[PDB]
Amino acid sequence: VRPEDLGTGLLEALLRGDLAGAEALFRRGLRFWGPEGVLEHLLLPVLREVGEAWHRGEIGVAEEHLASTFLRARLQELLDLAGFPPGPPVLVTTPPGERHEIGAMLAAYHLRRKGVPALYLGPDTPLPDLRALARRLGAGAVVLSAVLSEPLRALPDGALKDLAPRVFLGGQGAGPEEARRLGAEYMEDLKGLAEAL
Amino acid sequence: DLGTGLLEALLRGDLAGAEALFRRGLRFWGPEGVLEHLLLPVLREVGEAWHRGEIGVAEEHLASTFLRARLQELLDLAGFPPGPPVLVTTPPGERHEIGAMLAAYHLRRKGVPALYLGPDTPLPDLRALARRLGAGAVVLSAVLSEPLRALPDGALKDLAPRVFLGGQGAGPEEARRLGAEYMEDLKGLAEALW
Amino acid sequence: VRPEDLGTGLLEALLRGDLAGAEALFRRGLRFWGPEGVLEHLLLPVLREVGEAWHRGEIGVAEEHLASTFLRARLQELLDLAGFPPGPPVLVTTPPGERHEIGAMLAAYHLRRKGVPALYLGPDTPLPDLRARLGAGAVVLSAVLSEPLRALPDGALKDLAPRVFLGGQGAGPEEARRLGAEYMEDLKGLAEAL
Amino acid sequence: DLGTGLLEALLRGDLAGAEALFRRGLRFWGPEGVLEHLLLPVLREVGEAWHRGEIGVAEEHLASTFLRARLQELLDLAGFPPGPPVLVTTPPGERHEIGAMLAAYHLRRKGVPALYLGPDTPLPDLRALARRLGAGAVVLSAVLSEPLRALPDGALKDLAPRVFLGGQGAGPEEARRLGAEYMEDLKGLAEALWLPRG
Ligand code: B12
Ligand code: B12
Ligand code: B12
Ligand code: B12
Ligand SMILES: C[C@H]1O[C@@H](n2cnc3c(N)ncnc32)[C@H](O)[C@@H]1O
Ligand SMILES: C[C@H]1O[C@@H](n2cnc3c(N)ncnc32)[C@H](O)[C@@H]1O
Ligand SMILES: C[C@H]1O[C@@H](n2cnc3c(N)ncnc32)[C@H](O)[C@@H]1O
Ligand SMILES: C[C@H]1O[C@@H](n2cnc3c(N)ncnc32)[C@H](O)[C@@H]1O
Ligand SMILES: [Br-]
Ligand SMILES: [Br-]
Ligand SMILES: [Br-]
């Protein structure tokens, strides 16, 4: 399989329920593109296409679920293989009501690859609870991934302002004006996140 | 006590310590054993501690997310046998997924190709995937009762030739109403296939 | 294959030239023991046994080569998957004359897993040329044989970088003292010491 | 010119930058292309720069170790097919291993189960392993000439049913003396093996 066909190959393996084949195709991508590269060039395009195919009525919700669950497992595997250094953690989650978690996982992964102790909480964390954990662990930052815009629109002005000494917001659902309204620093690029600390 | 030590390591954000304690459990008890003796008691205690106001939601999230990662690793270690799959998920509105993962694990350990979908699958979509994969069975984990109560009579009937329902949120009467076979314990689930 | 049989399984796979089987068994070990664990419980015992079988005349050099080369590849894979943080590097190598490199790779791996920017140079680096300017906060050396250390004059390791660590089967506290390095018994204690 | 950028990143100890430049090369040139356009020219230049005293041994080590790791990844990506293996190594006393790895890589790309042993294998031990595994061939990379000169006439002839020799340290006359089939080009290796000796 040529690299430019890995995405279709992987989606086709998943849609036939061939998890073993899908795992082999993902590892090929990992070896060809490298860790960050396989996420950019294989995991993300496949998930985007799964969303588009669902939207057009070509696949159902259970096919997306199968694929997303598989790809989340592949990223979790990579995350655990990255280093987890000592020192004040960075808490990584999604806003209340945001159930798309893979962006947050990606952010945690990019941070850990640069030696940052990113604690991935899972998605959908109430802000008082997030603030309390950050305070208790002496967390240097909180990072939020917003895939949809609506969970941010549901938050009052300044809702993110005091969660931790630094609060970063990114993802397709976020922009600079909404970050400003909510009292977070907007970050477009996962690359720029490690630098900013 | 490994369970208390694991929860304490998680609550300090000591992922390295937590992973070391989990691996000790795994080496001592083995795969099935670590679930029964460590993973499940910790999750139960996390729930109880949250309910009593002793821990917050972010602490439960960290612990649950960690343990889900460990169980996913055990799912991959059990392997995914060949042949017509058994689809495993949770009812629409059920966001507790670890029960479903557990069921998939126990089935895989008995050589059954349990394909874990993730949680919260609309029934028409689940039916369609079962049909497209020629799935011999569907298995649902219900942790809460409310998602089952929201479903129409007979809604689980014929998702596949065999449809199994278990978890704390399920009981025999609700399974009957919904057209599923009720399974009390994971032990009975593997048997009901083999 | 059960965890207790992974070591003999892996060695058997390697000795029959079954690299695909060997890779699968190594990954099983990785998933069961975790990254540091698979190195301690699978890579190291297999390599020890390879050495013992060679020394007793039971296997030839080509068989050891095959196994060592494979296991070095597996560790390099894990090393590249670990984070490589910014900041002043720690250079990792072996003394002049020391061609056993896997200990050094292990040291670099343990450091990277704790967020230390361990630059693995490969083995067998002339003490002068190791004067790599890059602002290295430390140098770490793995000694497998004792003879390459014995060949060095007193204090030969003293000022390679602000801190100089020495460990491995070929090193002890007295030899580290004579050469002017800090002795480290455990890979675990290496990251802490920084 | 990716080559100069890669070498400069490595000499700064910027592993992340070096890996990013290597991956760009992979995406532009593909697997065989990145070897020809990036890995090989960089190693050659590292050798020349050391020989002239421009870089030290630690710098060469850093670069060689990095590129060996990248090639090992490509070996695994090419896959290891089933069937009688081809053993790939270097002569006794030859510690340069990357040529052997290249040969294994080109064989695997053509579906040949090239089992890379690592470098520096005693001949009787190599012969014994080839015989025990029913290997169809042995392939040797000679970077230096001196390890070949040390060998007696015909030393390579019966290591396996077919024995191939190449690398900068080998030439046709030395291959003839040693009883190996000489190969210049890595691309021609799978072809040569698939056809009879003659
Ligand atoms: C899988 C998935 C789901 C799964 C998620 C499973 C899980 N995570 O456990 C589930 C089933 C939960 C789901 C639910 C729904 N989803 Co959905 N789904 C997706 C899908 C297919 C992939 C999601 C994914 O992981 N993408 C990868 C994402 C993270 O990458 P990315 O967004 O391109 O982000 C890049 C950058 O943003 C950056 N980044 C991300 N986070 C951060 C953070 C920081 C700090 C930084 C610096 C950078 C950064 O990283 C990426 C690298 O380029 C997408 C398709 C898509 N185009 O995204 C939809 C999609 C997001 N979903 C969509 C919809 C409509 C829904 C539902 C409303 C459907 C419904 N009716 O129930 C619900 C909403 C639930 C909720 N409240 O959140 C729409 C949203 C469209 C919109 N915004 O209007 C999409 C786009 C599909 C579509 N084409 O219509 N979904
Ligand atoms: C982790 C967790 C969450 C996480 C789950 C994350 C995830 N991705 O899975 C999140 C944050 C999403 C969550 C959300 C909520 N949850 Co919650 N949470 C839990 C917790 C702590 C663990 C869940 C778990 O994994 N259990 C798996 C194991 C531990 O459950 P078990 O009882 O041992 O299951 C056994 C059997 O049922 C069997 N089994 C399970 N499934 C199946 C299937 C078959 C076929 C068979 C044969 C057997 C079988 O296997 C197990 C061992 O035998 C529990 C505590 C608990 N006691 O379960 C609550 C708990 C289930 N949650 C609870 C509540 C109230 C909530 C929320 C309403 C909170 C809120 N206000 O938002 C929401 C509802 C979300 C939803 N719509 O589903 C309550 C429910 C009480 C009730 N029924 O009224 C609990 C019990 C906590 C408590 N003590 O109060 N939760
Ligand atoms: C593979 C191997 C080789 C390979 C190495 C390939 C490569 N690395 O590129 C090659 C073929 C080159 C080789 C050559 C030789 N080797 Co050799 N070989 C081995 C073997 C089988 C495995 C080595 C290995 O990688 N071990 C795995 C590592 C991870 O284990 P460890 O190194 O015990 O490390 C542990 C600790 O020391 C610690 N650690 C290691 N480094 C550091 C550093 C720090 C800072 C810290 C804190 C901890 C630490 O971490 C590890 C986890 O516990 C061993 C057998 C054995 N018992 O070690 C011999 C062995 C070491 N070799 C041996 C010999 C004799 C030779 C040769 C002399 C043989 C020859 N005549 O050619 C040469 C010498 C070459 C030279 N160095 O000059 C003997 C040495 C006996 C002795 N005590 O004197 C051994 C023990 C075999 C035996 N006889 O049983 N060898
Ligand atoms: C890195 C390196 C080392 C490393 C090896 C690391 C490892 N592999 O584990 C180490 C540190 C061991 C090393 C040490 C030494 N080496 Co050195 N180094 C190199 C270097 C830069 C790369 C070697 C390499 O990877 N070659 C692969 C590629 C780059 O070579 P190539 O010419 O493109 O090869 C092509 C063909 O030959 C073909 N090919 C190769 N094998 C085969 C096999 C078959 C069957 C086929 C068909 C084709 C084929 O494929 C390639 C592309 O087409 C070369 C420089 C060079 N080769 O130009 C030297 C070089 C070979 N080393 C040299 C020297 C001087 C030494 C030392 C003697 C230094 C010393 N005093 O210690 C030692 C000797 C070690 C030994 N006993 O072998 C000199 C050799 C001079 C000479 N006498 O001929 C070189 C040429 C450097 C130089 N320019 O001065 N070296
Ligand atoms: C964005 C993703 O959300 C999933 N999706 C759409 N509707 C639902 C629902 N009711 N329940 C669960 N998941 C849903 C689809 O599979 C889509 O691809
Ligand atoms: C059952 C689990 O649900 C979690 N939980 C309770 N309330 C919420 C909420 N609003 N958002 C997310 N998770 C919540 C708690 O952590 C509890 O432990
Ligand atoms: C410690 C390891 O060194 C290897 N070893 C022993 N003698 C040689 C030699 N002449 N050439 C290469 N490797 C050798 C053996 O395979 C042993 O296992
Ligand atoms: C061919 C390569 O061999 C390396 N080289 C030269 N001398 C030594 C030595 N004493 N020890 C290790 N490597 C050495 C140089 O770095 C050169 O680039
Ligand atoms: Br996961
Ligand atoms: Br390697
Ligand atoms: Br390839």
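Rules behind the numbers
- Residues numbered from 1 in each chain as written, not as in the entry; some residues may be left out.
- Chains lettered and ligands numbered in written order.
- Heavy atoms only, no water.
- Residues with missing side-chain atoms left out of burial classes, pairs and counts.
- Helix = DSSP H or I, 4+ residues; strand = E, 2+ residues; numbered from the N terminus.
- Rg over C-alpha atoms; globule rule 2.2 N^0.38 Å.
- Areas by Shrake-Rupley, 256 points an atom, 1.4 Å probe, with all protein chains shown as cover.
- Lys, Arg positive; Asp, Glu negative; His and termini not counted.
- Charge placed at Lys NZ, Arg CZ, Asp CG, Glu CD.
- Pairing = 2+ DSSP bridges.
- Axes fitted to C-alpha atoms, helices over the stretch in contact; angles between N-to-C directions.
- Parallel < 35°, antiparallel > 145°, perpendicular 65-115°, else oblique.
- Contact = heavy atoms within 4.5 Å.
- Nonpolar A, V, L, I, M, F, W, Y, C, P; charged D, E, K, R; others polar.
- Buried area = accessible area lost by both parts, 1.4 Å probe.
- Salt bridge = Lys/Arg side-chain N within 4 Å of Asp/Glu carboxyl O.
- Polar contact = N/O pair within 3.5 Å; in protein donor to acceptor, adjacent residues only side chain to side chain.
- Near = heavy atom within 4 Å.
- Donors = N, O, S within 2.8 Å, 3.2 Å for Na, K, Ca; no water.
- Domains from an automatic or database assignment.
- Buried < 20%, exposed > 50% of the residue type's maximum accessible area, 1.4 Å probe, protein only.

Trainee: Whenever I open this one, the overall build of chain C confuses me. Can you help?
Mentor: For chain C, the helix and strand inventory stands at 8 helices and 5 strands. When the helices and strands of chain C are listed from N to C terminus, the series reads α-α-α-α-β-α-β-β-α-β-α-β-α. The C-alpha radius of gyration computed for chain C amounts to 17 Å, which stays within 12% of the reference 16 Å derived for 194 residues, consistent with globular compactness. When the accessible surface of chain C is totalled, it reaches about 7900 Å², and 53% of it is carbon and sulfur. Between the mean site of the 21 positive side-chain charges and the mean site of the 27 negative ones, chain C shows a separation of 5 Å.

Trainee: What exactly am I supposed to notice about the sheet that holds strand β2 (residues 118–120) of chain C here?
Mentor: Two orientations exist for strands paired in a sheet by backbone hydrogen bonds: parallel and antiparallel. Residues and elements named next belong to chain C. With respect to topology, 5 strands assemble into an open sheet ordered β2-β1-β3-β4-β5, the strand pairing being parallel. The outermost strands of the open sheet, each flanked by one partner alone, are β2 and β5 (182–183). Sheet analysis places strand β1 (residues 90–93) next to β2, joined by 3 bridges and oriented parallel. Along β2, the bridge assignment pairs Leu91 with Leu119.

Trainee: Is there a simple way to explain the packing of helix α6 (residues 127–137) of chain A against helix α3 (residues 57–78) of chain B in this structure?
Mentor: Helices that pack against each other are described as a pair by the angle of their axes relative to one another and the distance between those axes. For the pair α6(A) and α3(B), interaxial distance at closest approach is 7 Å and the crossing angle is 75°. As judged from the angle between their axes, α6(A) and α3(B) are roughly perpendicular. Across from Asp129(A), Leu130(A), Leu133(A) and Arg136(A) in α6(A), the residues of α3(B) making contact are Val57(B), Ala58(B) and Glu59(B). For the contact of α6(A) with α3(B), the residue count by class is 4 nonpolar, no polar and 3 charged.

Trainee: Hey, could you run me through the interface of chain A and chain B in this one?
Mentor: Where the parts come together, the accessible area they lose is often given as the size of the interface. Each side of the interface is counted separately: chain A has 33 residues, and chain B has 34 residues. Both faces considered, chain A and chain B share a buried interface measuring about 2700 Å² in area, 59% of it formed by carbon and sulfur atoms. A per-residue breakdown of the area chain A buries against chain B is headed by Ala62(A), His65(A) and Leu121(A), which together make up 17% of the total. At the junction of chain A with chain B, the criterion picks out 6 salt bridges. Here chain A is connected to chain B by 14 residue pairs in polar contact. Listing elements by their share of the side of chain A that touches chain B, those giving two or more residues are α4 (61–81), β2 (118–120) and α6 of chain A. Per element, the largest residue contribution to the side of chain A that touches chain B is 11 residues, and it comes from α4(A). Residues belonging to the side of chain A that touches chain B are distributed by class as follows: 15 nonpolar, 7 polar and 11 charged.

Trainee: I would appreciate a short explanation of the site of ligand 7 in the present structure.
Mentor: Around ligand 7, the neighbouring residues are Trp54(C), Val61(C), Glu64(C), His65(C), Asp120(D) and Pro122(D). Looking at the residues close to ligand 7, they fall on chains C and D. Note that an oxygen atom of ligand 7 is positioned 2.7 Å from one of the side-chain N or O atoms of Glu64(C). Relative to its unbound accessible area of 410 Å², ligand 7 is 64% covered by the protein chains. Per element, the largest residue contribution to the shell around ligand 7 is 3 residues, and it comes from helix α4 (residues 61–81) of chain C. Class assignment for the residues of the shell around ligand 7 results in 3 nonpolar, 1 polar and 2 charged.

Trainee: Any chance you could explain the coordination of the cobalt atom of ligand 3 here in plain terms?
Mentor: By definition of the ideal shapes, four donors in a tetrahedron about a metal sit 109.5 degrees apart, and six donors in an octahedron sit 90 or 180 degrees apart. You will see that the cobalt atom of ligand 3 has only one donor from the protein, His100(C) (NE2), lying 2.0 Å away. Along the chain, the position of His100(C) falls in the loop between β1 and α5 (102–113).

Trainee: Looking at this model, I keep getting lost on the site of ligand 6. Mind explaining?
Mentor: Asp124(A), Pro126(A), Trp50(B), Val57(B), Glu60(B) and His61(B) make up every residue found near ligand 6. Residues within reach of ligand 6 are spread across chains A and B. One of the side-chain nitrogen or oxygen atoms of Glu60(B) is found 2.6 Å away from an oxygen atom of ligand 6. Relative to its unbound accessible area of 410 Å², ligand 6 is 63% covered by the protein chains. Among the elements that line the shell around ligand 6, the one with the most residues is α3(B), at 3 residues. Of the residues that constitute the shell around ligand 6, the class distribution is 3 nonpolar, 1 polar and 2 charged.

Trainee: For this particular structure, what's the right way to read the coordination of the cobalt atom of ligand 1?
Mentor: Looking at the protein side alone, the cobalt atom of ligand 1 has one donor only, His100(A) (NE2), at 2.0 Å. With respect to the element layout, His100(A) can be found in the loop between β1 (90–93) and α5 (102–113).

Trainee: Is there a simple way to think about the domain arrangement of chain B in this case?
Mentor: Residue and element names in this part refer to chain B. We note that the domain assignment places domain 1 (2–78) and domain 2 (86–193) within chain B. For domain 1 versus domain 2, the separation of C-alpha centres amounts to 24 Å. Counting residues at the interface gives 14 residues for domain 1, matched by 10 residues for domain 2. Around 1200 Å² of area is buried between domain 1 and domain 2 when both sides are counted, 72% of it from carbon and sulfur atoms. Three residues stand out in domain 1 for area buried against domain 2, namely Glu32, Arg68 and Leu75, and they jointly supply 45% of the buried area on that side. Between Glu97 and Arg68 there is a salt bridge whose closest N-O contact spans 2.8 Å. At the surface where domain 1 touches domain 2, the tally comes to 4 residue pairs in polar contact. Where the side of domain 1 that touches domain 2 is concerned, the elements lending two or more residues are α2 (15–51) and α3.

Trainee: I keep staring at helix α8 (residues 186–193) of chain B and nothing clicks. Help me out?
Mentor: Note on helix geometry: an α-helix contains 3.6 residues per turn, so any two residues three or four positions apart are oriented the same way. By the burial criterion, the buried members of α8(B) are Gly188(B), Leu189(B) and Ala190(B). Each element contacted by the buried residues of α8(B) is listed here: α4 (98–109), β3 (137–141) and β4 (162–166) of chain B.

Trainee: Is there a simple way to explain the pairing of strand β3 (residues 141–145) of chain A in this structure?
Mentor: Regular strands show a simple pattern: their side chains alternate between the two faces of the sheet. Residue and element names in this part refer to chain A. β3 sits mainly inside the fold: 5 of its 5 residues count as buried. Of the two faces of β3, both are covered, the one formed by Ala141, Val143 and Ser145 as well as the one formed by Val142 and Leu144. Sheet topology note: the β1/β3 ladder contains 4 bridges and is parallel. If you follow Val90 over to β3, its bridge partner there is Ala141. Pairing of β3 with strand β4 (residues 166–170) involves 5 bridges; the strand directions are parallel. Within β4, the position partnered with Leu144 by the bridge is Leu169.

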